[PDB]
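A short worksheet on the structure shown next.
Every residue, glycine as well, gets a Cβ built from its backbone with ideal geometry; the counts of neighbours run over all protein chains shown. Readers should treat all values here as calculations from the given coordinates under stated rules, not as data from a laboratory.
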Amino acid sequence: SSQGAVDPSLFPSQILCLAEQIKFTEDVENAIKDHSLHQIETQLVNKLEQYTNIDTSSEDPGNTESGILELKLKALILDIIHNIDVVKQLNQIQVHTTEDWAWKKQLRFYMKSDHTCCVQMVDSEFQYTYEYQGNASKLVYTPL
Amino acid sequence: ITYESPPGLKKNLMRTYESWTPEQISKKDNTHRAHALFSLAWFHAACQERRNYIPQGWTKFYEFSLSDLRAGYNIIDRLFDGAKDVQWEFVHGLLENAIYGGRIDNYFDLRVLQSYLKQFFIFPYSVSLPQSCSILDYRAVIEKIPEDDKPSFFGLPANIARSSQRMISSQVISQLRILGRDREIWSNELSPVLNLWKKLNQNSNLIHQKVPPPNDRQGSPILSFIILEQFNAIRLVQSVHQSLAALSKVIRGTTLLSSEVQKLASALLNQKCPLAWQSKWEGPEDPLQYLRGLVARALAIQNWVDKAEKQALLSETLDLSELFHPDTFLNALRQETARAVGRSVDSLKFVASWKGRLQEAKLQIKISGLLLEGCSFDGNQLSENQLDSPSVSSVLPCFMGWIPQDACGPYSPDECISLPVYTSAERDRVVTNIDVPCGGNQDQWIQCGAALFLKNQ
Amino acid sequence: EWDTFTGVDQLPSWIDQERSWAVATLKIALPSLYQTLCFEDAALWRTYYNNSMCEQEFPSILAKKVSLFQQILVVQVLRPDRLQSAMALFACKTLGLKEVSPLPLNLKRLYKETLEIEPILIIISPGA
Amino acid sequence: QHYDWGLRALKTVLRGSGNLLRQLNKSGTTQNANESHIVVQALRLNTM
C-alpha cells in the first residue's frame, strides 16, 4: 500500500528485511522498464536519512524496560546501503532494459503467485524454506 | 594408458572436435553461432597450451578440466538458443567470475585471462581461414594449421623458445644418459661448498667477527633500518660460519656426529638449502649462489653505513640489489617524507619517473640496476622484442620519492601500465608496482606478461 | 660419438665463449670431423649461422660427407636453439614416422581391442 | 612470529568502538572531538 507499514515491534527482522528487498526488486524492475528514475535513488537516500535520524530516538534511552529492537533498524541500514550502491552503479553504466546482464547479475528476490518467495540469480532459482533465524550478525556486502 | 593433455595445438583442437558430436554443432541457425563455438575451442586450447612455459604464461600450473569446457558449452547453448543478441560482455564476465577465474589467486594472471577474454570476442589472420557451418571444414582448417607451434600465436617473445629448447634438450639428454648405465662425506662431494666459502671470506674477518650494539630507534627512521640491517646480516653470517665449522670438523678433523650435522649434510648432498637458513632469509636454491649473495650483501651494508652516517644518502646513486628487505626501506622513506612535509602518512603516494627529476616530491634518490623481461624498454616508449632479442635487458635509471595525494603526477593516468617488481627469476614475491609509459594498445603488453626483476646475483 | 654426445680457443673468432668451450671439447675429442669440417670457412657457416628454421639449411657441398648423426653434433656445438626439432627430424627420417607425436586417446577406439583376461590400468595426472 | 592484522582484529576493534559509543550517549552527551578520540582507546584495548 501507499502508506508505510512502519511498526517494527509487530514483525521480526527476518520479515522486515525480506519485504523491503522484494518491494525494492519489483520497483526497480518497474523503473528500468520505464525510465532511468533518479527519483528512486533520491527516495532511497531520503529514506536512509530518515532511518538514521530515527536511530537517535532509541540510542539516548538505550537500556529501558520492555523496549529492545534497535537491532531491527541496524539490520535494515545495511540492506539499504546495498540498494544505494546497486542503483548508483546502474546509474553509472546507464543500463537500458531488464534482460541486460548487469541487472541479472544482481541478486533478486521475487514473489511467486503462491505468495512464497523464490530467490533467483542469473537463471538458477531456489525456494525460501522459512527457517526462523532470529537476530544475528549480517555481513557487509564487499564485491568478493 | 596415460590420460593427459594433447602435446600440441592442432592435436588439442582435433581431440576437442572429436569429443564433440555433430548433431550438437549442426543447428538450423548456423553462421554466427558455430564460429563462436570455434572461438571457445581456440580459447580452451590456448589457455591449456600456455602452461608449457612456467612462470611465463601462468605463474602456477592451474588445473583446467574438460568439465569446464562442457560447462562453457552449456553456457553458449543457453545464450544462443536464448532469445536475441547475446552480449559478448557477460559471456566473459560469467566465464571469468565462475569457471576459469575460479582457479586463480594472483591478480596478474586474472589480468591475462581478462585480456584473452576481451581479445577473443581477431585472430592471427593469415593462419585463420574460417568457414560456414560445414563440420568437416572445421575439421580441415585444423590440418591447415601447421605442425609446429609459434609463440607469436600466443604473444610471447622469441627468446622464450631459445631458453626453453636449451633447457628441455639438456633434460632429455640427461634422461637418456640415465638409461645407459658416509664415505662420500669423507670423500669430496661437498668440498666445493666449503671451498667457495673460503674464497668468499678469507679477507673479511672483520665482516664475520665484529659485533654491532643492539640498538633502538634513533632520530630519523632511516638510521634504525640500516643498523638493524647490519645486525641481522652479521648474525646470519656468523650462524652460517658455525653451521659450516661443525660439518668441517666432522670431515677434516677429529670429532663425531650429531643429528643437525646430518640434516645439513643431507640437504647439501641433495644440494637444496636447509630450513634453518630459509627461516631467516629467502635465497636461491643453489647453496653456492646463496653464499655468494649473502657475502655480497655483507660487504654492501657496511658500505651503506659508511655513506649513510653523514646523511649523504640522498645524493649518491644506489642499487636495490643490496637490501634484504627493500620495501621496508621504501616505507622508511615514506616516514621521512611524511615527517619532513608536515602531512599525515596515509595521504601520500609512491610514483617514480624517467623524464626528469621529481618536482613536487620531498626527496630524490637515483635508483638504477633494474632488469626487465618480456619487452624492450626505452624512454617514453615500450618496444616489442625480436627474434635475436637477448633475454635480460638493463634499464634506464630512475628517480624515486613520495608524493602527496591529489597532486599532479609526472605521468598521465591513462598512458601507463603497472608492472610487478619481483626479486629474481623465480617470480615469487612482489615488492611494489611501478608504472611505465605505454602510449596506447596496452593489451599486447599484458599478454607479453612483462615483468621487472630487482636484480640478479 | 654417443658418449661425447651425452657428455660422457684462439683459432675460432666469430663465435661466443659459450660455444667456444664446446668447440674445444669437440676438437680434443673427435679431431676427424674437425679436419673434415674446415671451421675457418666464414662463408657457408656465416650463412648457416643466420637462418631461421636452420635444420634444413645445411651447406650442400658437404651434404655427402656428413651423416645424419654428425649434423646434430654440428647443431649442438653451434646452436642449441634447434635441438628439439633436430632430434625430431632425425627420428622421423630413421623411422619414417610422419610425426614424433602419437595419436589421440579416444576410448571409443580402445573399447573393442581389450578382453577379459587382463584389465585396463588408466594412469592419471593432475587435472585428469 | 605472533602478530596479526587480519579481518578478525578489525572486527574486534569495530565492536570495541560500538560499545564505547553505546555507553557515551545513554550515560551522557555527544560532541566533536570525543568521536575521533574513542577509536584510539578502542584500538589500544587490543593492540597494546
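Kindly indicate whether A:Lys105 is within 14 Å of chain B (Cβ to nearest Cβ), under 14 Å from A:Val28 (Cβ atoms), basic (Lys, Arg) and surrounded by 10 or more Cβ atoms within 10 Å (Cβ to Cβ).
On the way: within 14 Å of chain B (Cβ to nearest Cβ): yes; under 14 Å from A:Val28 (Cβ atoms): yes; basic (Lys, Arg): yes; surrounded by 10 or more Cβ atoms within 10 Å (Cβ to Cβ): yes.
For A:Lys105, the condition - within 14 Å of chain B (Cβ to nearest Cβ), under 14 Å from A:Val28 (Cβ atoms), basic (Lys, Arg) and surrounded by 10 or more Cβ atoms within 10 Å (Cβ to Cβ) - is met.
Here is a list: B:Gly401, B:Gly409. Which entry is under 16 Å from B:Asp327 (Cβ atoms) and of a type outside the set (D, E, K, R)?
When all the criteria are applied, what remains is B:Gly401.
Quick check: is even one residue across region B:63-86 outside any helix (DSSP H, G or I), of a type in the set (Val, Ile, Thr) and surrounded by fewer than 17 Cβ atoms within 10 Å (Cβ to Cβ)?
Within region B:63-86 (the criterion being outside any helix (DSSP H, G or I), of a type in the set (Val, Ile, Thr) and surrounded by fewer than 17 Cβ atoms within 10 Å (Cβ to Cβ)), the answer is no, since none of the residues qualifies.
Among the candidates B:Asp406, B:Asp414, which residue alone is of a type outside the set (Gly, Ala, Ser) and outside any helix (DSSP H, G or I)?
B:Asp406
Filtering region B:94-107 down to residues that are more than 17 Å from B:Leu37 (Cα to Cα) and within 11 Å of chain A (Cβ to nearest Cβ), which residue is surrounded by the most Cβ atoms within 10 Å (Cβ to Cβ)?
B:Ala98
Just checking, does region A:61-70 include any residue being within 14 Å of chain D (Cβ to nearest Cβ), part of a helix (DSSP H, G or I), surrounded by 11 or more Cβ atoms within 10 Å (Cβ to Cβ) and acidic (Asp, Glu)?
So far as region A:61-70 goes, no, none of its residues is within 14 Å of chain D (Cβ to nearest Cβ), part of a helix (DSSP H, G or I), surrounded by 11 or more Cβ atoms within 10 Å (Cβ to Cβ) and acidic (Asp, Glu).
In the list B:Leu269, B:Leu257, which residue meets the criterion of being surrounded by fewer than 16 Cβ atoms within 10 Å (Cβ to Cβ), more than 31 Å from the chain's Cα centre (by Cα) and among the aliphatic types (A, V, I, L, M)?
B:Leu257
Collect the residues in region B:148-171 that are among the charged types (D, E, K, R), in a loop (DSSP other than H, G, I, E, B) and surrounded by 14 or more Cβ atoms within 10 Å (Cβ to Cβ), keeping them in residue-number order.
Residue satisfying the conditions is B:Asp149 alone.
In this structure, is A:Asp34 loosely packed, with under 14 Cβ neighbours inside 10 Å, closer than 19 Å to A:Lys88 by Cα and not polar (S, T, N, Q)?
Taking the combined requirement at face value, the residue satisfies it.
Answer yes or no: is there a residue in region C:112-128 that is under 18 Å from the mean Cα position of the chain (by Cα), at negative phi and in a loop (DSSP other than H, G, I, E, B).
Scanning region C:112-128 turns up no residue that is under 18 Å from the mean Cα position of the chain (by Cα), at negative phi and in a loop (DSSP other than H, G, I, E, B).
With the condition kept exactly as written, say whether any residue in region C:27-45 is within 14 Å of chain B (Cβ to nearest Cβ) and either under 14 Å from the mean Cα position of the chain (by Cα) or not basic (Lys, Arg) (or both).
no
Check region C:17-29 and report whether any residue there is surrounded by 10 or more Cβ atoms within 10 Å (Cβ to Cβ) and part of a loop (DSSP other than H, G, I, E, B).
Looking for residues that are surrounded by 10 or more Cβ atoms within 10 Å (Cβ to Cβ) and part of a loop (DSSP other than H, G, I, E, B), one finds none in region C:17-29, hence no.
Considering only region B:400-414, I want to know if a residue exists there that is in contact with a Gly (Cβ under 9 Å, 6 or more places away or on another chain) and among the polar types (S, T, N, Q).
no
Here are C:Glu18, C:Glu57: which of them is acidic (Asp, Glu) and in contact with a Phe, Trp or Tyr (Cβ under 7 Å, 6 or more places away or on another chain)? Full working, then the answer.
Details: C:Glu18 fails: in contact with a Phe, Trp or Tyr (Cβ under 7 Å, 6 or more places away or on another chain).
Unique residue meeting the criteria: C:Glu57.
Only one of (1) over 21 Å from B:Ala425 (Cα atoms); (2) part of a loop (DSSP other than H, G, I, E, B) is not met by B:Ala265, so which one is it?
Of (1) over 21 Å from B:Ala425 (Cα atoms); (2) part of a loop (DSSP other than H, G, I, E, B), only one is false for B:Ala265: (2).
Pick out the one residue from B:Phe61, B:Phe90 that is among the aromatic types (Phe, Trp, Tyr), within 14 Å of chain A (Cβ to nearest Cβ) and out of contact with any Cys (no Cβ under 8 Å at 6 or more places or on another chain).
Going through B:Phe61, B:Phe90 in turn, just one is among the aromatic types (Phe, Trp, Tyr), within 14 Å of chain A (Cβ to nearest Cβ) and out of contact with any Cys (no Cβ under 8 Å at 6 or more places or on another chain): B:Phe90.
Residue by residue through region B:128-176, note down the ones that are of a type in the set (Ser, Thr, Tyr), within 13 Å of chain C (Cβ to nearest Cβ) and under 30 Å from B:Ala41 (Cβ atoms). Explain how you work it out, then say what you get.
So the first thing to find is which residues in region B:128-176 are of a type in the set (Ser, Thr, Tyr), and the list is B:128, B:132, B:134, B:138, B:152, B:163-164, B:169-170, B:174.
The next check asks that each one be within 13 Å of chain C (Cβ to nearest Cβ); those that pass are B:152, B:163-164, B:169-170, B:174.
Once the filter is applied, which keeps residues that are of a type in the set (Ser, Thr, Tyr), within 13 Å of chain C (Cβ to nearest Cβ) and under 30 Å from B:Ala41 (Cβ atoms), region B:128-176 yields B:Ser152, B:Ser163, B:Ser164.
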